[PDB]
Protein chains: 2
Amino acid sequence: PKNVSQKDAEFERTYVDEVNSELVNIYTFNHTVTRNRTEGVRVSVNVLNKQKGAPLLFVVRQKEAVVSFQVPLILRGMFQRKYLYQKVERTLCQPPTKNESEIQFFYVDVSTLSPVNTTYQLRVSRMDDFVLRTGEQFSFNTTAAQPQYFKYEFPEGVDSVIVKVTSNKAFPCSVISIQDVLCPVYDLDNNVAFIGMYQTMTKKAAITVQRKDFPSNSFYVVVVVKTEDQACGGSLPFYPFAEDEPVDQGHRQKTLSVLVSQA
Amino acid sequence: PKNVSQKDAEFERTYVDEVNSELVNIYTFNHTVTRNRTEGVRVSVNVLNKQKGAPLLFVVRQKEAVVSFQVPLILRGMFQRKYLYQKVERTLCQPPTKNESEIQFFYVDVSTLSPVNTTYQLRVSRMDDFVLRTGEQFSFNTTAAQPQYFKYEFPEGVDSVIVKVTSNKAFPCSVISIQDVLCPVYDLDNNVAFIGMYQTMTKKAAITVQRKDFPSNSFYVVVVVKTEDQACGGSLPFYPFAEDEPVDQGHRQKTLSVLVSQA
Ligand SMILES: *[C@@H]1O[C@H](CO)[C@@H](O[C@@H]2O[C@H](CO)[C@@H](O)[C@H](O)[C@H]2NC(C)=O)[C@H](O)[C@H]1NC(C)=O
Ligand SMILES: *[C@@H]1O[C@H](CO)[C@@H](O[C@@H]2O[C@H](CO)[C@@H](O)[C@H](O)[C@H]2NC(C)=O)[C@H](O)[C@H]1NC(C)=O
Ligand SMILES: *[C@@H]1O[C@H](CO)[C@@H](O[C@@H]2O[C@H](CO)[C@@H](O)[C@H](O)[C@H]2NC(C)=O)[C@H](O)[C@H]1NC(C)=O
Ligand SMILES: *[C@@H]1O[C@H](CO)[C@@H](O[C@@H]2O[C@H](CO)[C@@H](O)[C@H](O)[C@H]2NC(C)=O)[C@H](O)[C@H]1NC(C)=O
Ligand SMILES: *[C@@H]1O[C@H](CO)[C@@H](O)[C@H](O)[C@H]1NC(C)=O
Ligand SMILES: *[C@@H]1O[C@H](CO)[C@@H](O)[C@H](O)[C@H]1NC(C)=O
Ligand SMILES: *[C@@H]1O[C@H](CO)[C@@H](O)[C@H](O)[C@H]1NC(C)=O
Ligand SMILES: *[C@@H]1O[C@H](CO)[C@@H](O)[C@H](O)[C@H]1NC(C)=O
Ligand SMILES: *[C@@H]1O[C@H](CO)[C@@H](O)[C@H](O)[C@H]1NC(C)=O
Ligand SMILES: *[C@@H]1O[C@H](CO)[C@@H](O)[C@H](O)[C@H]1NC(C)=O
Ligand SMILES: *[C@@H]1O[C@H](CO)[C@@H](O)[C@H](O)[C@H]1NC(C)=O
Ligand SMILES: *[C@@H]1O[C@H](CO)[C@@H](O)[C@H](O)[C@H]1NC(C)=O
């Protein structure tokens, strides 16, 4: 039958491994959390082989929710366009814990059904600046297939805050959303407009957050980068009308500086 | 390590199996398709044990896309409400094939991390009436966690069609969308308003579809059932304000009759 291999891998290490229609890989990750100090976990993977038919299939499994994606991931534009991305990065949703110190386990499983080998490099990073401190600026890089989000913990005596996010290069377009702390977090392109307050931005954005709307005394600031700059007001490129041929967008990235300040 | 079991199960059979934090089950399904005759596949599963902490995790894997969900699935309402559902049913997205006759494989994997056993019944049904014939009425049942969709093949000489969907009982509310034929199909509640033309309905809806907007000469009619009837105009129930306690909605269902007619 199918050959499944397992490993108890660790954080902060890039594993380069092969896979095919026969091999399925499993990685187990242990993680330590405390109620007072909460910190996020980022799963980032890249593929160094160009395949168009059968992509790699990745699943990240937790105690509560399951996330999954295929890579090279294909996004959508306007007129039936296809953009191909090789590196995908996503931050997991961790529910608030009950006990003071509970060790949390999560799994990453890799598979595919293409008949030929394919190499991927996978790593998990314990994100140090998951929390946003008041009056401090944080600069970070986001692409269309690397959504990010940070947790703001409302402090005592603060009735409302204002989240200000700025960029120097106007393009690409992006969407900045404020959401409650409850799994799951809609950081994908298609579901970023379901709940929360969201603004489309190209260079600057500012959203006012109030505590009465968030009974859990915290929220998530989610940043997503779009593929086509039509919404932000740009001119769409005149790429050939390839209905079933995906074209790469090259190196499209956005550097964003975020600061949460008391109102 | 983790114990993984595998089985080459068949269509039209309900398998009742146990699982825990140690067991992971794999089912392989073979499926036969032809270019002229395309027909959908439905994966339907139920859980007969009541668990609130650690749910069952299900993944359905294809050659192209991967879908995943946790059950009993928790949906969202308006004021931080939680609705729990035990049975989940979903139809897979099958891309149009190239060769005249190609056998397609797809896998269903089941796991969980709860320390106690849990029993699930899983079945796969080859949906006979995946296609919609012109001038014919089809009646079907949908719930909030059982989205459906049917493929309409535009015939020769038809410039445009009109899709008319009706119901007798006004509630629950539902969303009816028309989308192009391209994996994936957004049949979930959070992404049903990304692409395509969609109408919210309670008793009747009608959408006009044109061929010039669909170069592939086919489309998908997707039906989704909401949880709260506020959008359709109903009065929300005065359930207790349970922020972290999910309440079941009972037996909420909608019977819908759909007909696609030439304009
Ligand atoms: C989390 O899991 C990792 C993976 O096994 C543990 O890392 C091992 O720790 C032992 C104990 O010192 C070492 O002997 C091994 O060499 C480590 N493995 C590797 C690959 O370096 C880690 O200890 C676990 N965390 C905790 C808190 O126990
Ligand atoms: C965001 O991306 C930019 C561009 O890739 C990074 O700027 C580069 O940083 C490296 C490492 O310091 C330098 O070697 C390059 O010369 C820089 N290039 C440019 C054009 O500035 C930037 O460091 C990234 N930001 C973060 C936080 O990683
Ligand atoms: C698809 O897979 C099923 C699962 O094995 C196959 O069903 C078996 O078919 C053989 C051949 O007649 C029988 O001897 C077994 O008893 C069947 N098992 C079950 C569980 O049904 C099926 O044949 C496969 N399809 C094709 C076209 O080969
Ligand atoms: C949709 O659901 C209704 C209600 O469950 C089904 O109606 C039942 O059908 C069964 C089987 O024929 C009967 O034994 C029940 O008496 C019916 N109950 C009612 C209230 O009508 C209906 O058959 C379902 N539709 C489909 C296509 O499965
Ligand atoms: C199955 O695959 C695993 C993973 O590479 C390997 O360690 C094992 O030897 C394989 N078993 C057989 C019988 O080939
Ligand atoms: C966490 O913080 C609270 C108050 O901020 C404190 O009472 C508690 O002791 C802290 N937890 C630990 C493990 O120190
Ligand atoms: C906290 O830990 C104790 C023992 O370590 C356990 O009995 C209890 O169930 C834990 N709390 C939760 C909410 O799981
Ligand atoms: C994948 O690579 C290994 C080692 O390079 C090789 O033994 C194996 O045959 C390759 N897979 C296939 C399907 O050829
Ligand atoms: C591992 O689990 C499988 C699935 O139930 C079982 O068949 C097998 O005997 C188990 N192996 C051991 C060593 O317990
Ligand atoms: C499929 O239909 C086309 C025209 O409708 C026909 O030419 C072709 O022979 C059909 N395929 C098979 C396998 O009969
Ligand atoms: C169709 O089948 C033949 C052999 O049966 C194979 O060589 C060919 O690659 C198949 N077509 C596609 C598009 O894969
Ligand atoms: C699950 O059920 C089987 C048979 O009923 C039993 O042997 C096993 O111990 C159960 N699992 C646990 C964790 O007790």
# chains A, B, ... in the order shown; residues from 1 in each chain; ligands from 1
$ residues_around --residues "residue B:30" --least-positions-apart "5" --cutoff "9 Å" --atoms "only C-alpha atoms" --output "list in words"
residues 8, 9, 10, 11, 103, 104, 105, 106 and 107 of chain B
$ residues_near_ligand --ligand "ligand 7" --cutoff "12 Å" --atoms "only C-alpha atoms and all ligand atoms" --output "PyMOL selection string"
(chain A and resi 96-104) or (chain B and resi 52-54+114-115)
$ select_by_dssp --residues "stretch 115-208 of chain B" --states "strand (DSSP E)" --output "NGL selection string"
:B and (118-126 or 138-142 or 148-153 or 160-166 or 174-180 or 197-201 or 204-208)
$ residues_near_ligand --ligand "ligand 12" --cutoff "12 Å" --atoms "only C-alpha atoms and all ligand atoms" --output "PyMOL selection string"
chain B and resi 17-23+112-119
$ write_last_selection --atoms "N, CA and C atoms" --output "mmCIF file, in the first residue's frame"
data_model
loop_
_atom_site.group_PDB
_atom_site.id
_atom_site.type_symbol
_atom_site.label_atom_id
_atom_site.label_comp_id
_atom_site.auth_asym_id
_atom_site.auth_seq_id
_atom_site.Cartn_x
_atom_site.Cartn_y
_atom_site.Cartn_z
ATOM 1 N N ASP B 17 -16.841 3.071 12.044
ATOM 2 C CA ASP B 17 -15.525 2.754 12.579
ATOM 3 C C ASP B 17 -15.207 3.666 13.755
ATOM 4 N N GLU B 18 -14.308 3.192 14.609
ATOM 5 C CA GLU B 18 -13.842 3.931 15.770
ATOM 6 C C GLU B 18 -12.512 4.611 15.471
ATOM 7 N N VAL B 19 -12.180 5.599 16.301
ATOM 8 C CA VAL B 19 -10.936 6.345 16.156
ATOM 9 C C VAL B 19 -10.614 7.007 17.488
ATOM 10 N N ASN B 20 -9.343 7.334 17.688
ATOM 11 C CA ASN B 20 -8.885 8.016 18.895
ATOM 12 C C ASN B 20 -7.615 8.787 18.546
ATOM 13 N N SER B 21 -6.896 9.248 19.571
ATOM 14 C CA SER B 21 -5.651 9.979 19.362
ATOM 15 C C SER B 21 -4.547 9.108 18.784
ATOM 16 N N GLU B 22 -4.732 7.791 18.763
ATOM 17 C CA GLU B 22 -3.722 6.862 18.277
ATOM 18 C C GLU B 22 -3.987 6.372 16.862
ATOM 19 N N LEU B 23 -5.251 6.248 16.467
ATOM 20 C CA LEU B 23 -5.627 5.640 15.198
ATOM 21 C C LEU B 23 -5.827 6.695 14.118
ATOM 22 N N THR B 112 -7.957 12.002 14.761
ATOM 23 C CA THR B 112 -8.317 12.873 15.875
ATOM 24 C C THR B 112 -7.223 12.753 16.924
ATOM 25 N N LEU B 113 -7.262 13.657 17.903
ATOM 26 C CA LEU B 113 -6.304 13.643 18.999
ATOM 27 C C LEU B 113 -6.973 13.559 20.366
ATOM 28 N N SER B 114 -8.283 13.341 20.414
ATOM 29 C CA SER B 114 -8.947 13.114 21.688
ATOM 30 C C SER B 114 -8.473 11.792 22.289
ATOM 31 N N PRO B 115 -8.295 11.726 23.612
ATOM 32 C CA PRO B 115 -7.782 10.489 24.223
ATOM 33 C C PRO B 115 -8.801 9.364 24.286
ATOM 34 N N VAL B 116 -10.062 9.620 23.944
ATOM 35 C CA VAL B 116 -11.124 8.636 24.082
ATOM 36 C C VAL B 116 -11.615 8.249 22.691
ATOM 37 N N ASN B 117 -12.132 7.025 22.591
ATOM 38 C CA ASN B 117 -12.688 6.517 21.347
ATOM 39 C C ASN B 117 -13.821 7.411 20.847
ATOM 40 N N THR B 118 -14.124 7.276 19.558
ATOM 41 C CA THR B 118 -15.220 8.008 18.933
ATOM 42 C C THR B 118 -15.595 7.280 17.652
ATOM 43 N N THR B 119 -16.894 7.100 17.425
ATOM 44 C CA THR B 119 -17.401 6.311 16.309
ATOM 45 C C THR B 119 -17.986 7.227 15.246
#
$ closest_residue --among "B:203, B:133, B:61, B:211" --to "chain A" --atoms "only C-alpha atoms"
B:61
$ closest_residue --among "B:221, B:45, B:33, B:78" --to "chain A" --atoms "only C-alpha atoms"
B:78
$ residues_near_ligand --ligand "ligand 2" --cutoff "6 Å" --atoms "only C-alpha atoms and all ligand atoms" --output "PyMOL selection string"
chain A and resi 139-141+255
$ residues_around --residues "residue A:153" --least-positions-apart "4" --cutoff "10 Å" --atoms "only C-alpha atoms" --output "list in words"
residues 38, 131, 132, 133, 134, 216, 217, 218, 219 and 220 of chain A
$ write_last_selection --atoms "N, CA and C atoms" --output "PDB file, in the first residue's frame"
ATOM      1  N   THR A  38       1.324  34.329  25.227  1.00  0.00           N
ATOM      2  CA  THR A  38       0.866  33.607  24.048  1.00  0.00           C
ATOM      3  C   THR A  38       1.710  34.035  22.855  1.00  0.00           C
ATOM      4  N   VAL A 131       2.635  39.231  19.442  1.00  0.00           N
ATOM      5  CA  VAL A 131       1.849  40.254  20.120  1.00  0.00           C
ATOM      6  C   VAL A 131       2.315  41.633  19.674  1.00  0.00           C
ATOM      7  N   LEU A 132       1.390  42.588  19.675  1.00  0.00           N
ATOM      8  CA  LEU A 132       1.674  43.969  19.307  1.00  0.00           C
ATOM      9  C   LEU A 132       1.622  44.833  20.560  1.00  0.00           C
ATOM     10  N   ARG A 133       2.729  45.505  20.861  1.00  0.00           N
ATOM     11  CA  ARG A 133       2.798  46.413  21.998  1.00  0.00           C
ATOM     12  C   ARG A 133       2.374  47.811  21.569  1.00  0.00           C
ATOM     13  N   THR A 134       1.723  48.527  22.480  1.00  0.00           N
ATOM     14  CA  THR A 134       1.202  49.849  22.160  1.00  0.00           C
ATOM     15  C   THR A 134       2.336  50.828  21.879  1.00  0.00           C
ATOM     16  N   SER A 216     -13.532  39.312  24.795  1.00  0.00           N
ATOM     17  CA  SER A 216     -12.396  38.516  25.244  1.00  0.00           C
ATOM     18  C   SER A 216     -11.146  39.349  25.498  1.00  0.00           C
ATOM     19  N   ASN A 217     -11.210  40.665  25.286  1.00  0.00           N
ATOM     20  CA  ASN A 217     -10.117  41.585  25.610  1.00  0.00           C
ATOM     21  C   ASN A 217      -8.868  41.304  24.776  1.00  0.00           C
ATOM     22  N   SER A 218      -9.066  41.069  23.480  1.00  0.00           N
ATOM     23  CA  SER A 218      -7.984  40.855  22.528  1.00  0.00           C
ATOM     24  C   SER A 218      -8.592  40.755  21.138  1.00  0.00           C
ATOM     25  N   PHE A 219      -7.752  40.935  20.123  1.00  0.00           N
ATOM     26  CA  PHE A 219      -8.212  40.742  18.752  1.00  0.00           C
ATOM     27  C   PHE A 219      -7.025  40.399  17.859  1.00  0.00           C
ATOM     28  N   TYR A 220      -7.328  40.126  16.592  1.00  0.00           N
ATOM     29  CA  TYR A 220      -6.345  39.743  15.590  1.00  0.00           C
ATOM     30  C   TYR A 220      -6.353  40.761  14.461  1.00  0.00           C
TER      31      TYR A 220
END
$ residues_near_ligand --ligand "ligand 5" --cutoff "6 Å" --atoms "only C-alpha atoms and all ligand atoms" --output "PyMOL selection string"
chain A and resi 3-5
$ closest_atom_pairs --of "chain B" --to "chain A" --cutoff "6 Å" --atoms "only C-alpha atoms" --output "Markdown table"
| residue | atom | partner | partner_atom | distance |
| --- | --- | --- | --- | --- |
| B:54 | CA | A:64 | CA | 5.8 |
| B:63 | CA | A:54 | CA | 5.9 |
| B:64 | CA | A:54 | CA | 5.8 |
| B:113 | CA | A:63 | CA | 5.9 |
| B:190 | CA | A:191 | CA | 5.4 |
| B:191 | CA | A:191 | CA | 5.1 |
| B:194 | CA | A:190 | CA | 5.6 |
$ write_last_selection --atoms "N, CA and C atoms" --output "mmCIF file, in the first residue's frame"
data_model
loop_
_atom_site.group_PDB
_atom_site.id
_atom_site.type_symbol
_atom_site.label_atom_id
_atom_site.label_comp_id
_atom_site.auth_asym_id
_atom_site.auth_seq_id
_atom_site.Cartn_x
_atom_site.Cartn_y
_atom_site.Cartn_z
ATOM 1 N N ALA B 54 -12.323 17.925 21.650
ATOM 2 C CA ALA B 54 -11.501 17.525 20.513
ATOM 3 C C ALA B 54 -12.352 16.831 19.461
ATOM 4 N N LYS B 63 -6.355 14.357 -6.928
ATOM 5 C CA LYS B 63 -5.154 14.601 -7.715
ATOM 6 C C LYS B 63 -4.784 16.077 -7.728
ATOM 7 N N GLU B 64 -5.763 16.964 -7.561
ATOM 8 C CA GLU B 64 -5.544 18.400 -7.673
ATOM 9 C C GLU B 64 -5.769 19.167 -6.381
ATOM 10 N N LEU B 113 -7.262 13.657 17.903
ATOM 11 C CA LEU B 113 -6.304 13.643 18.999
ATOM 12 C C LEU B 113 -6.973 13.559 20.366
ATOM 13 N N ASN B 190 -18.559 30.966 4.280
ATOM 14 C CA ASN B 190 -17.711 32.194 4.311
ATOM 15 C C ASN B 190 -17.219 32.647 2.933
ATOM 16 N N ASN B 191 -17.172 31.761 1.939
ATOM 17 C CA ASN B 191 -16.601 32.122 0.646
ATOM 18 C C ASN B 191 -17.610 32.057 -0.494
ATOM 19 N N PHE B 194 -17.524 35.239 -3.147
ATOM 20 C CA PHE B 194 -16.256 35.655 -3.742
ATOM 21 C C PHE B 194 -16.398 35.887 -5.244
#
$ residues_around --residues "residue A:158" --least-positions-apart "6" --cutoff "10 Å" --atoms "only C-alpha atoms" --output "short mmCIF file (atom, residue, chain, number, x, y, z; two decimals) with N, CA and C atoms, in the first residue's frame"
data_model
loop_
_atom_site.label_atom_id
_atom_site.label_comp_id
_atom_site.auth_asym_id
_atom_site.auth_seq_id
_atom_site.Cartn_x
_atom_site.Cartn_y
_atom_site.Cartn_z
N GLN A 210 -12.67 48.99 19.36
CA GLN A 210 -13.25 49.28 20.66
C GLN A 210 -13.37 48.00 21.48
N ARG A 211 -13.27 48.15 22.81
CA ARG A 211 -13.27 46.98 23.68
C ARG A 211 -14.67 46.40 23.87
N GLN A 262 -3.03 54.07 21.60
CA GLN A 262 -4.22 54.39 22.38
C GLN A 262 -4.90 55.64 21.81
N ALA A 263 -6.22 55.60 21.76
CA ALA A 263 -6.99 56.73 21.27
C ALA A 263 -7.08 57.81 22.35
#
$ atom_distance --atom1 "atom CA of residue B:226" --atom2 "atom CA of residue B:44"
18.8 Å
$ atom_distance --atom1 "atom CA of residue A:147" --atom2 "atom CA of residue A:12"
19.4 Å
$ closest_residue --among "B:247, B:258, B:165, B:145" --to "residue B:84" --atoms "only C-alpha atoms"
B:247
$ residues_around --residues "residue B:43" --least-positions-apart "5" --cutoff "8 Å" --atoms "only C-alpha atoms" --output "list in words"
residues 89, 90, 91, 92, 122, 123, 124 and 125 of chain B
$ atom_distance --atom1 "atom 1 (C, counted along the ligand's line) of ligand 10" --atom2 "atom CA of residue B:181"
19.1 Å
$ residues_around --residues "residue A:250" --least-positions-apart "2" --cutoff "10 Å" --atoms "only C-alpha atoms" --output "number ranges by chain"
A: 83-85, 247-248, 252-253
$ write_last_selection --atoms "N, CA, C and O atoms" --output "PDB file, in the first residue's frame"
ATOM      1  N   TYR A  83      -2.547  32.712 -11.307  1.00  0.00           N
ATOM      2  CA  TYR A  83      -1.236  33.073 -10.786  1.00  0.00           C
ATOM      3  C   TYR A  83      -0.695  31.920  -9.955  1.00  0.00           C
ATOM      4  O   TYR A  83      -1.391  31.405  -9.071  1.00  0.00           O
ATOM      5  N   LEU A  84       0.543  31.527 -10.230  1.00  0.00           N
ATOM      6  CA  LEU A  84       1.184  30.391  -9.583  1.00  0.00           C
ATOM      7  C   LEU A  84       2.190  30.889  -8.555  1.00  0.00           C
ATOM      8  O   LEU A  84       2.989  31.784  -8.846  1.00  0.00           O
ATOM      9  N   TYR A  85       2.150  30.311  -7.355  1.00  0.00           N
ATOM     10  CA  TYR A  85       3.070  30.661  -6.283  1.00  0.00           C
ATOM     11  C   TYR A  85       3.751  29.406  -5.759  1.00  0.00           C
ATOM     12  O   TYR A  85       3.106  28.369  -5.579  1.00  0.00           O
ATOM     13  N   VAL A 247       0.408  31.734 -15.188  1.00  0.00           N
ATOM     14  CA  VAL A 247       1.601  32.557 -15.343  1.00  0.00           C
ATOM     15  C   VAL A 247       2.047  33.041 -13.970  1.00  0.00           C
ATOM     16  O   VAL A 247       1.221  33.409 -13.124  1.00  0.00           O
ATOM     17  N   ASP A 248       3.354  32.997 -13.731  1.00  0.00           N
ATOM     18  CA  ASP A 248       3.904  33.485 -12.479  1.00  0.00           C
ATOM     19  C   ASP A 248       3.916  35.009 -12.464  1.00  0.00           C
ATOM     20  O   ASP A 248       4.143  35.663 -13.487  1.00  0.00           O
ATOM     21  N   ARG A 252       6.503  39.497  -6.143  1.00  0.00           N
ATOM     22  CA  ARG A 252       5.580  40.526  -5.686  1.00  0.00           C
ATOM     23  C   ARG A 252       5.499  40.457  -4.169  1.00  0.00           C
ATOM     24  O   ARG A 252       5.175  39.405  -3.607  1.00  0.00           O
ATOM     25  N   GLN A 253       5.791  41.577  -3.512  1.00  0.00           N
ATOM     26  CA  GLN A 253       5.928  41.613  -2.065  1.00  0.00           C
ATOM     27  C   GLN A 253       5.527  42.991  -1.570  1.00  0.00           C
ATOM     28  O   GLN A 253       5.535  43.967  -2.323  1.00  0.00           O
TER      29      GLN A 253
END
